[PDB]
Amino acid sequence: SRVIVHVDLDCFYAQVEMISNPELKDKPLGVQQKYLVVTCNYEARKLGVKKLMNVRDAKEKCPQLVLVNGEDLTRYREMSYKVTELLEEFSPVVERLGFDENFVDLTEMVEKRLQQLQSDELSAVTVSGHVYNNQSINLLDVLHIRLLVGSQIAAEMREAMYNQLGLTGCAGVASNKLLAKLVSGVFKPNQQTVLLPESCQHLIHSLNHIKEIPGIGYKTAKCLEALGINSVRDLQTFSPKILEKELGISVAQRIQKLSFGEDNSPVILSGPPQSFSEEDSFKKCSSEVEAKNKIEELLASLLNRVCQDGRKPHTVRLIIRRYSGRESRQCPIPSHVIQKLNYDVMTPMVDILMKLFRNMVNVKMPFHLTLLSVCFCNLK
DNA sequence: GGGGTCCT
DNA sequence: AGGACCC
Ligand SMILES: Cc1cn([C@H]2C[C@H](O)[C@@H](COP(=O)(O)OP(=O)(O)OP(=O)(O)O)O2)c(=O)[nH]c1=O
Ligand SMILES: [Mg+2]
Ligand SMILES: [Mg+2]
């Protein structure tokens, strides 16, 4: 019934770097964060470089790999919002997923375009891009026609993104978010594909690991592996009763639906972010004097970002990670502090954060943090 | 890794 | 405050 598109930018961070320094769009490029190559351009993947590879592995496997540092997300974040703002011009309800993916519900727009078409030009309606599984099109099938118009809009989207932002990316068009997202990566990079309904099963069964289904992550997949469940079909087939009584009703019914390619979740308007955070990770921080300096650094950046935003946060959170998950402490931001932008908001915010710090770190007893993070949320 | 979302 | 998910 619905016509949903999923847009997915090509090697996002690397693409941004290649644009900032066009002297790089010729070379294999990797974006580095500490010891990780979080992503690389397609010249690099040709040479054996994979996403999230160790710089050691990447170096050895590709000594001519140019590395740029991508620990500061400022520019990626800015381009990211330019992308969704551009998509919002097509339809106001755009849902972000991470920095480089967006869903848009095109069905109202598709409907509008059809109501305007004439008889002799419905003939006549064509696909833009790939048709998944080379499935043949039936122009008399109104579902095929709607999905085809979807593909046309999707191509207008990719064209605008290139023309206005210089950004290249993939699109997937299908009847729900799950399927749009699975199909958008079938032809990469910088291409698009549309999923006709009779090819839905082929798409879901094309997956080789149950983790490949968006919504099934490390923990959930590990549990399923424990239950003898490894293929999509194993999950499709497993006893709903037993599944429920091992993962709970909510998860069980949702992921089991997902395994059939069913996903009724609406595309949601993401809008402005609901939180701003900054982190730094390190081998060791073992003194409060360090912690405070670290935190002042993080807080400085955040205050810059809150500044531009316009809205004001009403709670602060401090996150740590002890040597060998994470722990957090939050509290509301005093009413008087919330009026800042010209004054000196630093010293009182660091005072609050340090109270939070000592609340979860015994400073009289040696400690070994390996991450510090500050988060502003409850924006108003 | 350096972010972000929602649910319990 | 933690846990799970997504990138
Ligand atoms: C998965 C993941 C992505 N990212 C960032 C790096 C990526 O540039 C960006 C989007 O990730 P992806 O969309 O998963 O991959 P990509 O856009 O870099 O490359 P492609 O889609 O062509 O395969 O998010 C992280 O920082 N940490 C992570 O764990
Ligand atoms: Mg991408
Ligand atoms: Mg998954």
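All heavy atoms count here, side chains included; hydrogens, waters and symmetry mates do not. Protein chains get the first letters and strands the later ones, always in sequence-line order, with residue 1 at the start of each.
- One interatomic measurement links the two molecules: CZ of A:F276 to P of B:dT5, which rounds to 9 Å at whole-angstrom precision.
- A:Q32 comes within contact range of no nucleotide atom at all, as no heavy-atom separation falls under 4.0 Å.
- Mapping A:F282 and A:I268 onto DNA chain B by nearest heavy atom places A:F282 at the nucleotide closer to the 5' end.
- In this structure, A:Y76 reaches neither bases nor backbone, as no heavy-atom distance under 4.0 Å exists between it and the strands shown.
- To the nearest angstrom, P of B:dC6 lies 14 Å from CZ of A:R254.
- Residue A:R75 is classed as having no contact, given no heavy-atom separation below 4.0 Å to the nucleic acid.
- Residues A:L182 and A:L195 are not in side-chain contact: their nearest non-hydrogen atoms beyond the backbone lie 4.5 Å or more apart.
- Heavy atoms of A:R317 sit nowhere under 4.0 angstrom from any nucleic acid atom.
- Between B:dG2, C:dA1, B:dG4, one nucleotide has an atom nearer to the side chain of A:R77 than all others, and that is B:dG4.
- Under 4.0 angstrom from either OP1 or OP2 of B:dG3 there lies no side-chain N or O belonging to A:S373.
- Counting any heavy atom pair closer than 4.0 Å across all strands shown, A:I213 reaches sugar-phosphate atoms only and no base atom.
- Residues A:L147 and A:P197 form a side-chain contact, since some pair of their non-hydrogen atoms from C-beta on lies under 4.5 Å apart.
- Residue contacts for A:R96: at a heavy-atom cut-off of 4.0 Å it reaches no nucleic acid atom on any strand shown.
- If you measure from atom CD of A:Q274 to atom P of B:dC6, you get 4 Å, rounded to the nearest angstrom.
- Each of A:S275 and A:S250 lies near DNA chain B, and the nucleotide nearest A:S275 is the one positioned closer to the 5' end.
- Here salt bridge (charged side-chain N to carboxylate O under 4.0 Å, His left out) pairs that include residues 260-276 of chain A, with residues two or more places apart or in two chains, are A:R254-A:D263.
- The salt bridge (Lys or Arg N to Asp or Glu O under 4.0 Å) test applied to A:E95 returns A:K177, not counting sequence neighbours.
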